[PDB]
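Read top to bottom, the protein sequences are chains B, X, Z, A, S and V. Note that the first sequence covers residues 2 to 103 in our numbering. Note that the second sequence covers residues 2 to 103 in our numbering. Note that the third sequence covers residues 2 to 103 in our numbering. Note that the fourth sequence covers residues 2 to 103 in our numbering. Note that the fifth sequence covers residues 2 to 103 in our numbering. Note that the sixth sequence covers residues 2 to 103 in our numbering. The block underneath contains the structure these notes are about, expressed in structure tokens.
Protein chains: 6
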Amino acid sequence: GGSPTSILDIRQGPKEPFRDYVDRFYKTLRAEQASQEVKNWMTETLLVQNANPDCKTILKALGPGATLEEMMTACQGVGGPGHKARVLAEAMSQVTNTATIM
Amino acid sequence: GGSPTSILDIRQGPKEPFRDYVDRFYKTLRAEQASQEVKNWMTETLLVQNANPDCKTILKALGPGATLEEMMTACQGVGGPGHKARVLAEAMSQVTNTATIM
Amino acid sequence: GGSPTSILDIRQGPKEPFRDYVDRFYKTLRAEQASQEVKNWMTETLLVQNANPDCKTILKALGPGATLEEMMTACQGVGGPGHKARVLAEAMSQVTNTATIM
Amino acid sequence: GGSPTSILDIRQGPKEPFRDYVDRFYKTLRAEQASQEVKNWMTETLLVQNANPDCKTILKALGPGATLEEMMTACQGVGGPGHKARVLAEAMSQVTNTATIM
Amino acid sequence: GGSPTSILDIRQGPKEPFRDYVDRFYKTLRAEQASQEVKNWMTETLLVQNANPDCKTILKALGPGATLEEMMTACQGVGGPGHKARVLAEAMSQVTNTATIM
Amino acid sequence: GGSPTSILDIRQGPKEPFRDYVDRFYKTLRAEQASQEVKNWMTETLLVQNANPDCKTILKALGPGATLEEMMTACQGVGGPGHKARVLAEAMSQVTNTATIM
Ligand SMILES: O=P(O)(O)O[C@H]1[C@H](OP(=O)(O)O)[C@@H](OP(=O)(O)O)[C@H](OP(=O)(O)O)[C@@H](OP(=O)(O)O)[C@H]1OP(=O)(O)O
Ligand SMILES: CC(C)(C)c1ccc([C@H](Cn2cccc(C(F)(F)F)c2=O)NC2Cc3ccccc3C2)cc1
């Protein structure tokens with residue numbers, strides 16, 4: 002997108018949820034002086050790309066075409082139980098098994 | 002319901018308990034021009050969906066038709082580490098032996 | 002007392018200490034319009050039932066009628082080093098051992 | 002003690018360190034209307050008893066008669082890396098060995 | 002580097018995201034009275050050495066020459082589920098294997 | 002120490018990084034009433050002894066005579082993801098290995 006402040010850097014921390022950040026990506030767009038085509042594009046390309054790898058891995062898992070409502074339901078668990086319950090055990094139970102890796 | 006800010010996005014944080022969020026859902030509802038029925042429908046359909054996979058996993062667990070008194074009570078340990086006394090110990094002990102999942 | 006803001010909903014949080022809730026419950030009772038016996042009925046009836054599973058499980062353990070000095074201390078362990086150093090960490094081996102559960 | 006607020010209940014949270022609370026206990030003493038000796042008695046009896054089982058277990062370990070400088074330095078470890086590193090690990094391997102407990 | 006309060010110690014906290022700190026590194030460069038060449042130099046020379054081993058280890062992961070955009074995406078992995086779940090799931094299970102180490 | 006607030010004992014919280022505690026140790030030295038030599042004498046001794054057992058052990062571990070700059074980078078690695086990744090990884094199996102301890 003490249004529009005100042007609004008999308009070149011609007012990013013989601015790790016504790017910052019996918020839900021709170023989308024506003025950081027929207028409310029901030031309101032600040033950029035862009036055309037609606039300039040913004041809507043910014044919501045498709047830069048949203049998924051510059052936002053929280055816990056969830057980007059979910060945005061490419063759900064994959065494109067997911068409405069934000071889809072990236073919303075799944076990336077809601079970003080957090081200690083929803084995601085982290087599944088994130089700690091995936092690496093923990095994988096490498097333990099590292100003699101054989103699927 | 003699709004009413005501004007409340008049912009379009011009122012949400013429950015992964016650290017935010019079933020109570021703080023319930024206050025929000027109830028609060029921004031006072032911000033949308035809504036009748037008594039406008040809000041009663043808004044509670045059942047969105048609260049369960051747009052709210053923290055922890056409580057959301059409990060609300061379905063409660064079985065629809067359970068008064069909020071129950072969504073409150075069951076989702077009380079919902080919590081920062083609270084509910085999770087059951088969430089981490091399971092994910093950490095079901096996947097742990099080899100591959101057996103029950 | 003079924004008093005507004007004070008009992009019907011006063012509730013201790015998960016990340017929350019027995020203190021601040023006890024303070025919430027206490028501090029607000031003056032705020033309700035009740036009779037003296039009523040309030041006393043709340044300190045004994047609600048304070049245990051509507052507060053923080055790390056600690057509620059304790060209150061039910063030390064038991065009703067136990068001096069607050071006793072409730073306090075045990076529930077002051079709630080919170081990382083006191084209650085936490087013990088329980089899930091033990092829950093790891095309770096379900097690992099799940100073939101046999103005592 | 003019984004002097005209003007200061008020593009009847011001044012308590013140390015679980016995550017709250019020995020210094021943050023000791024400060025509460027001290028400062029709150031300045032506010033009570035106690036004789037010089039009243040307060041002196043209070044610093045001893047209530048500082049060790051109503052303060053965070055992590056540090057309280059330490060104050061008992063150091064042994065009564067230790068100056069606060071000693072209670073302080075020792076209790077500073079209360080916290081995740083210094084005190085928690087030790088108890089989680091010990092509680093974990095002490096009971097794992099459960100057939101034999103020393 | 003040694004320029005006024007910018008590079009003397011601008012350091013990323015262990016829990017401070019790369020993103021949050023880097024600003025303290027940027028705006029401070031803006032905040033000092035340096036020449037344009039000094040600051041450009043201060044970016045590469047100083048941002049990596051003084052930036053939180055979680056990310057200072059990532060800046061090693063990208064491999065020098067990566068545009069900061071790469072440092073941004075990569076260090077965005079700094080965080081609990083992405084970078085902490087890897088050091089928690091890796092370091093714990095590696096040394097466990099200490100009979101044999103690769 | 003004995004100078005006001007600064008060196009009598011200035012202390013670091015567990016989560017308090019070397020940037021939240023030491024910074025205090027710095028800003029506060031400008032306030033303590035010390036001779037130019039005093040402060041130089043106090044910046045060495047008190048800084049290492051009264052600060053965060055993780056980092057305190059680091060400052061002693063690098064070995065005296067190291068520049069503080071050498072203690073700063075070296076103590077910026079205090080922290081859960083960074084520092085706890087290393088000690089959490091070891092303490093758990095250090096004792097598991099208790100049949101043989103090296
Ligand atoms: O900082 P501590 O006193 O050592 O304890 C913390 C704290 O728990 P408390 O609610 O009891 O204060 C965190 O709470 P937050 O303020 O981060 O919400 C909790 O977080 P979670 O509920 O999200 O798990 C965290 O756990 P973690 O470091 O896994 O985020 C847990 O630390 P311990 O599990 O290490 O005791
Ligand atoms: C090993 C130790 C650090 C001590 C430990 C173990 C596991 C717990 C908790 C389980 N548990 C235990 C006591 C009190 C509560 C409270 F206060 F939070 F309700 C609670 O949930 N379950 C976490 C919830 C959570 C969140 C994110 C990552 C891991 C876990 C496990 C906390 C601490």
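Note that beta-carbon positions come from the ideal geometry of N, C-alpha and C, so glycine has one too.
*Does DSSP classify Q34/V as helix, strand or coil?*
Three-state DSSP puts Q34/V in coil, outside helix and strand.
*Should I59/S go down as buried or exposed, given a rule of 16 or more other Cβ atoms within 10 Å for buried?*
It counts as buried.
*Nearest to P18/A (by Cα), restricted to the options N41/A, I8/A, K40/A, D55/A*: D55/A
*Neighbouring residues (CB closer than 6 angstroms to any heavy atom of ligand 1)*: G81/B, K16/X, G81/X, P82/X, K16/Z, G80/Z, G81/Z, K85/Z, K16/A, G81/A
*Which chain E residues sit within Cβ distance under 8 angstroms of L30/X?*
Absence of chain E from the displayed structure is noted, the protein chains being B, X, Z, A, S and V.
_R20/S burial status per 10 Å Cβ neighbour count (16 or more: buried)_ = buried
*Would a check of beta-carbon distances place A90/Z closer than 9 angstroms to chain A?*
yes
*Measure the CB-CB distance between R12/Z and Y22/Z and report whether it falls below 9 angstroms.*
Yes, these two residues count as a Cβ contact at 9 angstroms.
*Can you find a CB in chain B that lies within less than 9 angstroms of the CB of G81/X?*
yes
*DSSP state of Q13/A mapped onto helix, strand, coil*: strand
*Would you please state the rounded distance, in angstroms, between the beta carbons of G2/S and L48/S? I believe it to be under 8 angstroms.*
Incorrect: roughly 10 angstroms between the Cβ atoms, too far for contact.
*Endpoints, alpha helix (DSSP H) assigned at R87/X*: 85 to 95
*Give a yes or no on whether 9 angstroms exceeds the smallest Cβ distance from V23/A to chain Z.*
no
*Should the segment 74 to 91 of chain X be regarded as contacting the segment 77 to 93 of chain B, the criterion being three or more beta carbon pairs within less than 8 angstroms?*
yes
*asked:* Based on DSSP bridge pairs, tell me the residues matched to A100/A.
replied: Partner(s): none; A100/A has no beta bridge.
*asked:* Check this for me: beta carbons of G78/V and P15/S, under 9 angstroms apart or not?
replied: yes
_Using only the alpha-carbon positions, how far apart do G80/X and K57/A sit?_
27 angstroms
*Would you call the CB atoms of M93/X and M93/B closer than 9 angstroms?*
yes
*If we call anything under 9 angstroms between Cβ atoms a contact, is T6/B one with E33/B?*
yes
*What residues in its chain sit with their C-beta under 7 angstroms from that of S4/S, if we drop five residues either side in the sequence?*
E33, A35, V39, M43
*Mind reading off the beta-carbon distance from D10/V to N51/V? Whole number of angstroms is fine, and I expect it under 8 angstroms.*
5 angstroms
*Under 8 angstroms from any heavy atom of ligand 2, does the C-beta of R87/Z make it?*
Ligand 2 has a heavy atom closer than 8 angstroms to the beta-carbon of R87/Z.
*May I ask you to check if the CB of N53/Z is nearer than 8 angstroms to at least one heavy atom of ligand 2?*
Yes.
*Along the chain, where does the alpha helix (DSSP H) that runs through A62/X open and close?*
From DSSP, the alpha helix (DSSP H) with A62/X extends over 54 to 63.
*Would you mind telling me which residues of chain S sit closer than 8 angstroms to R12/B, beta carbon to beta carbon, in chain order?*
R20, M73, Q77
*Is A92/S near ligand 4, with its Cβ less than 8 angstroms from a heavy atom?*
Summarising the ligand content, the structure contains ligand 1 and ligand 2 and does not contain ligand 4.
*Of all Cβ atoms in chain A, is any one closer than 9 angstroms to the Cβ of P54/V?*
yes
*Alpha carbon to alpha carbon, what distance is there between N41/S and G66/V?*
32 angstroms
*Simplified DSSP assignment, three categories, for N51/A*: coil
*asked:* To the nearest angstrom, how far is the alpha carbon of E70/A from that of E71/Z?
replied: 28 angstroms
*With C-beta atoms as the reference, is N98/X less than 9 angstroms away from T97/Z?*
yes
*What's the C-alpha gap between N53/Z and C76/X?*
11 angstroms
*Say the cut is 8 angstroms; is the CB of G78/X nearer than that to a heavy atom of ligand 2?*
yes
*According to DSSP, is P82/Z helix, strand or coil?*
helix
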